[PDB]
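Heads up, what comes next is one protein chain in two forms, each shown on its own as structure tokens, labelled structure 1 and structure 2.
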Structure 1
């Protein structure tokens, strides 16, 4: 049930009938992904399927490397004064 009033005297209008949902607090949850440690596989293979797995595993290792840098960094800090 939304209504509105216009005030000619001050060139303004008020829209009423709304209900609030103001954030007052925070809930912090921890999301986890279980990873595995892999370094220098003793394999060449030189077949099509292992080659696909290896380069996909390279994406994995590079992702882990990048995430390790962000662990060392401090988040955000772009605040007004």
Structure 2
């Protein structure tokens, strides 16, 4: 980096030099996938403890999947 600048009094303007490009010219697209399961309710009466907290993070799972489904079937906007 040897950044330099010149002011031009004639025209009230100034130019800073010394910089290096990184321009986006194009795009790499790649598909990103996630494998899901779907389950019935087939659970439990119970419990002791550490399947009460497992079932929860799994209510959550179904919640998520529910939203994404709700992003129903149209073009997303730029």
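The term rigid core refers to the maximal set of C-alpha atoms that superpose within 1.5 Å between the two forms. Residue numbers count along the first chain shown, from 1.
If you fit the rigid core between structures 1 and 2, you'll see the Cα of residue 46 move by 2 angstroms or more. On the core-superposed pair, the CA position of residue 55 changes by 2.5 Å between structures 1 and 2. Core-based alignment between structures 1 and 2 gives a C-alpha movement of 0.6 Å at residue 16. Aligning the rigid core leaves the CA of residue 71 displaced by 4.8 Å between structures 1 and 2.
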